[PDB]
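Structure at a glance
These are the residues of each chain, in order.
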Amino acid sequence: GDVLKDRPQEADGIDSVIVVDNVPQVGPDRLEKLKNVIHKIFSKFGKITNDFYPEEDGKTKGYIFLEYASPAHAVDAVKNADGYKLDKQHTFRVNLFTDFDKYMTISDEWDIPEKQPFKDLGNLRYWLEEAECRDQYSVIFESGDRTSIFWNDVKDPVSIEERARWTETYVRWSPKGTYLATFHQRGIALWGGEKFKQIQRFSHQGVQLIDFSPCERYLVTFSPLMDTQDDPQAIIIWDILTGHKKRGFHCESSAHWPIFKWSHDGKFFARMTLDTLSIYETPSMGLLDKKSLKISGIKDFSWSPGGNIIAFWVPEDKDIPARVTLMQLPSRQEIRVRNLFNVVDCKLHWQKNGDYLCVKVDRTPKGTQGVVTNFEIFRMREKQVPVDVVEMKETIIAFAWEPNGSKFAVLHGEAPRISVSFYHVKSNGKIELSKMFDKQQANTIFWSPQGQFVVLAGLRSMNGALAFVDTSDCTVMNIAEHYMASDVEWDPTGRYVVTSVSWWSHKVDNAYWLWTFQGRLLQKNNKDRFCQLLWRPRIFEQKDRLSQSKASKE
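Residues numbered from 1 in each chain as written, not as in the entry; some residues may be left out. Heavy atoms only, no water.

The name the PDB entry assigns to the chain is Eukaryotic translation initiation factor 3 subunit B, from the organism Homo sapiens. The record lists its title as "eIF3b relocated to the intersubunit face to interact with eIF1 and below the eIF2 ternary-complex. from the structure of a partial yeast 48S preinitiation complex in closed conformation". Under the Sequence similarities heading, UniProt states for the chain: "Belongs to the eIF-3 subunit B family." (UniProt positions renumbered as here; feature names shortened; annotations may be inferred.)

A full pass over the atoms with the stated rule returns 38 aromatic pairs. Both rings, one in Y218 and one in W262, keep their centres 6.5 Å apart while their planes meet at 15°; by these two values the pair is stacked. In this pair, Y218 sits in strand β14 (residues 218-222) while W262 sits in strand β17 (residues 261-262), placing the two residues 44 residues apart along the sequence. Assessed through its relative accessible area of 3%, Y218 is described here as buried. Plain terms: the ring middles of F268 and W303 are 6.5 Å apart, the flat faces sit at 0° to each other, and that makes the pair stacked. (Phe/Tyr/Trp six-rings, centres within 6.5 Å; stacked < 30°, edge-to-face > 60°. Helix = DSSP H or I, 4+ residues; strand = E, 2+ residues; numbered from the N terminus. Buried < 20%, exposed > 50% of the residue type's maximum accessible area, 1.4 Å probe, protein only.)

This brings us to the sheet that holds strand β9 (residues 171-173). With respect to topology, four strands assemble into an open sheet ordered β9-β10-β11-β12, the strand pairing being antiparallel. On the outer flanks of this sheet lie β9 and β12 (197-202), each paired with one strand and no other. Ignoring which end each strand starts from, the neighbouring axes of this sheet average 25° apart. In terms of strand pairing, β9 meets strand β10 (residues 180-184) through three bridges, oriented antiparallel. Paired with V171 across the two strands is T182, which belongs to β10. (Pairing = 2+ DSSP bridges. Axes fitted to C-alpha atoms, helices over the stretch in contact; angles between N-to-C directions.)

Within this structure, the stated rule accounts for 49 salt bridges. For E168, the salt bridge identified is with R165, shortest N-O distance 3.7 Å. Judged by its relative accessible area of 21%, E168 falls in the partly exposed class. Here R186 ties to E168 by a salt bridge, and the two come within 2.6 Å at their closest N and O atoms. Of this pair, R186 sits in the loop between β10 and β11 (187-192) while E168 sits in the loop between β8 (159-164) and β9; the two residues are 18 residues apart in sequence, bridging distant segments of the chain. One salt-bridge network, in which partners are shared between bridges, spans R379, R381, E382, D388 and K430. (Salt bridge = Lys/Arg side-chain N within 4 Å of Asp/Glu carboxyl O.)

Here we come to the state of the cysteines. Applying the stated criterion across every chain, the model contains zero disulfides. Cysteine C346 is unpaired, with the sulfur of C358 as its nearest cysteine sulfur at 11 Å. Residue classification places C346 among the buried positions, given a relative accessible area of 1%. (Disulfide = S-S within 2.5 Å.)

On the surface, a cluster of nonpolar side chains totalling about 260 Å² of accessible area is made up of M462, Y483 and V508. When you line up the elements, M462 lands in the loop between β34 (453-457) and β35 (465-470). (Patch = residues over 30% accessible without salt bridge, like charges linked within 9 Å, V, L, I, M, F, W, Y side chains within 5 Å. Areas by Shrake-Rupley, 256 points an atom, 1.4 Å probe, with all protein chains shown as cover.)

Before going further, it helps to examine unusual backbone geometry. A cis amide bond, omega 0°, links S138 with the succeeding residue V139. With omega at 25°, the peptide bond leading from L329 into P330 counts as cis. Examined against the element boundaries, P330 turns out to sit in the loop between β23 (323-328) and β24 (333-339). Unusually for a residue other than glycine, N22 sits at a positive phi of about 60°. Along the chain, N22 falls in the loop between β1 (17-21) and α1 (30-41). Phi at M484 takes a positive value of approximately 65°, unusual for a residue other than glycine. On the secondary structure map, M484 appears in the loop between β36 (475-481) and β37 (487-490). Among the residues examined, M484 registers a relative accessible area of 14% and is labelled buried.

Quick look at the side chain of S278 now. With respect to the element layout, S278 can be found in strand β19 (residues 276-281). The exposure class assigned to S278 is buried, which follows from its relative accessible area of 12%. Contacts of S278, omitting those with residues within four sequence positions, involve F269, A270, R271 and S292. (Contact = heavy atoms within 4.5 Å.)

Encoded structure:
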């Protein structure tokens, strides 16, 4: 106030005054010294028009009051800093003056929500807990205008749920089964949790492919035909954890999916530009080291299951001849390269632990024809990558490895129908032809993850054409139907075979077909416009038979 015998500005100061507590005490020369420092520090609070020093009933003063020519500078200055500091106990609470009435107690708590691993638990838990007996979970496109959930209950494969128009194009499983990726034409949706609900949704449209990172943190969405949400980036990569568009990239026409390929651990993501291979690094998804891999003419590439190696291959040019390169990451070094010279085509076939890379190599005379196909195998456990040089033979059209092993099977075209050659490991080592069989319709070699059993399948043939062989010493177990055969899969432990006839592929019969690893048909189920079937990724028997016994008697 304006009275001489004033007192402290008791609660919540007015328009123009700043009040500070814990000021330097009264005494010899100290008062003008305090003003002399105040007129350096407080000059950004406005030009001082009054500075006040009353003594409340004559007491020594813990306070001073400052008033300014334009006080909205003081409003800037208390927002510039607070807790202004001079020697020892002198730390200043800068304000118009304290409100003081309230109490800081009471502001309370939080409720945590459920999270992404909820159906990762509902995979391993689901597998043991269920009463049936005994096998895999799907993942069905086709029953009828519905997207559907089934189990292998052996008696029949029985539907758990069938949900009306749930996917509108395609459906894909997460690597550990943690999520299901579903397309709705208002945005891609990630369906997770125990009873299946939408945890995230991603705004891209025109999509057909919807594929995951191996560690399940990022989703890759691809539109072959443009919309308005691509604008104009066909390949869009979404961060699952944060929900946002992390990267977009322009279209790839070349050639057969996957055209974007991940490392086995999900650390590195990669695509070919014809004169440059681009590597993107998890979790950020920016360019690796701020560098690319400079390679010209790259046809295809395939990652090792082992840490951490890319196999890639480069065709002939008018200067450099054709080559296969093994390149190690994160080193970025070509660690074993072989020029192949004069090749029509090559195919890169890894063994499932990364122990071997087989290259199937078609070689060319000057008349420009596939005169001979070779097999050359890189050995990756052994000292300094040895090479097993194996075959010379006429027109090889397919090759496939034994799961977690070393045996393999081979198909030769043009004879007039397709001819089969079976390979086993020698007593001294090297892998060599050991048994053959007469000509057949099989174009596709698909092995059981259990190791013994191989399927020789005549895909895209109206009839037969599924033939089943037990290995070692290659014995034909069975030959069975699948009318207009298209799609094929096994259980991860090799217990069941499931084959499909997709309505994308063939519009004759449309069905799924289920067969037991002992050479016995279980059931076939025909469905009108069947689009796809995908399995979910993945002492006792007498007790289980006792449990089964109790179910139906007494």
